[PDB]
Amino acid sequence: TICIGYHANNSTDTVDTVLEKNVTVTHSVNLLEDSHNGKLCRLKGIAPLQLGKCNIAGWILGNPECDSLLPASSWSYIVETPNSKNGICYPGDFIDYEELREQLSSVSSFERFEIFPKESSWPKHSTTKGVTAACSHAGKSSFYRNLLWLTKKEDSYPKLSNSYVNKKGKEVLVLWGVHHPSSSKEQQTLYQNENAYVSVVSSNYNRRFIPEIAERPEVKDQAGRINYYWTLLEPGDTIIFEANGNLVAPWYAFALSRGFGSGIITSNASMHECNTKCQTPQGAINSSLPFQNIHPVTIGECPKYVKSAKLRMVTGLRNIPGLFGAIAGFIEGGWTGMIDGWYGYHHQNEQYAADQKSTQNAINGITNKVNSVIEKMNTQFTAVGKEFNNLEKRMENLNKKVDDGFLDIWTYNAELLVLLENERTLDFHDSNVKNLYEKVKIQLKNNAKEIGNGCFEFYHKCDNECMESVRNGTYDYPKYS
């Protein structure tokens, strides 16, 4: 008596299918990465720039609270934290701030340099009194490290004129401010001239600022305001500053080097000496799976983020220790006793064997099925959040509509692919067992009684020799009938 049957094991792997959920299967692959090291890591060997208690504004202006960032020159990405609260210390408006954050997100390294050396650039103006209790440091009134708040020298503020020629071979980021006093008494005290102007021109930047005197609510005990400005000076170009008051002059500028794959993320994780190909605000990922459910914000080469809790793909068959009627059908159960293949035979004679041809073709096909569908899935490169000022609610909502829309498409695509192809993987195995069985019934013909549960009760007695004949596809029906 020869029987035909399929594999069973001690596996608890569950997948879901179109017709049935919580289907226990013999073998499966996880497609969804849910593990991370909970740390900030280097990316391709380059550590990120950690702004800590500072935000982008405080770093680029040189807020005294951020002095430890002053020597930073190259990074792989930028990390803000939940306590990145130090930006502008003196009240005002940072014009096109979010655009500057976008500019700095593709900066891989920069050279901070003294664009107008303090001790020699301003002989006719005071360079020593531009400090405020709003930018305190070490118990004293102080000021930004990258700006120089010029004031009158000996009751005079002559027309100032200073130029810089960009000989760096790179774009130079130039920052300045215009100070808006709270009274004309303050205007006279700081700059002498009551009717001031500031002009900033380059070959592609051209703005004139007229300071406004006004009574304002005090912010950090300050009724004045500084508006902060920035521009990118192209290589070879000149930028010209002219003023008779109220100029918060550039002191340090940045020659920028552009790179690929950087971005600004907000994380509470701590920096460790790890190296990763993929970084999230939650931690680093080490995986080749096509999907992750850890965070939508990613730095590097990452799996696509999806809103799923499980994405298990069946590769083996139903674990029983059907569209084609064999598995869980007329062959009621599986054989844990057969460990060496997915499909096989069981011989019971006087004197368990798995079929290698059918099992190796199934193994080949399922491997191509897993590989071919993961291939259609593409690596997620750097994708981060974006910031918008309080008059850009429509754009902010448009950006959120775009990100949520794609995330819903990819989550639907992923969950539905697995659900529908899991059911086709079980039908594939059921088909393989039904084809192996029928190939044995066309080989024995009249020489055996079909019991109907995958077994052929032999009428004659042939020992092991002809039993391998049945399996090998070399069984001689005439000799025994």
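Numbering starts at 1 and runs along the sequence shown.
As recorded in the PDB entry, how many deposited residues are without coordinates between residue 351 and residue 352: none, 1 to 3, 4 to 9, or 10 or more?
According to the record, 1 to 3 deposited residues lack coordinates from residue 351 to residue 352.
Can you count the deposited residues that have no coordinates between residue 321 and residue 322 and report it as none, 1 to 3, 4 to 9, or 10 or more?
In the deposited sequence, 4 to 9 residues between these two have no coordinates.
Quick one: higher average CA temperature factor, 36 to 44 or 433 to 441?
Per the PDB entry, the higher value belongs to 433 to 441.
State which stretch shows the higher mean Cα B factor in the entry: 224 to 232 or 254 to 262.
So the stretch with the higher mean C-alpha B-factor is 254 to 262.
From 386, 153, 307, 357, which pick has the Cα B-factor that tops the rest in the entry?
Of the candidates given, the C-alpha B-factor peaks at 357.
Which third of the chain does residue 446 land in by C-alpha B-factor: lowest, middle or highest?
According to the entry, residue 446 has a C-alpha B-factor in the chain's highest third.
For the chain shown, is the CA B-factor of residue 332 in the lowest, middle or highest third of its modelled residues?
Ranked within chain, residue 332 CA B lands in the highest tercile.
Place residue 415 in the lowest, middle or highest third of its chain's C-alpha B-factors, as listed in the PDB entry.
Residue 415: CA B-factor falls in the middle third of its chain.
For the chain shown, is the CA B-factor of residue 214 in the lowest, middle or highest third of its modelled residues?
As the PDB entry reports it, the C-alpha B-factor of residue 214 lands in the middle third of its chain.
According to the PDB entry, is the CA B factor of residue 340 in the bottom, middle or top third of its chain, that is, lowest, middle or highest?
Residue 340: CA B-factor falls in the highest third of its chain.
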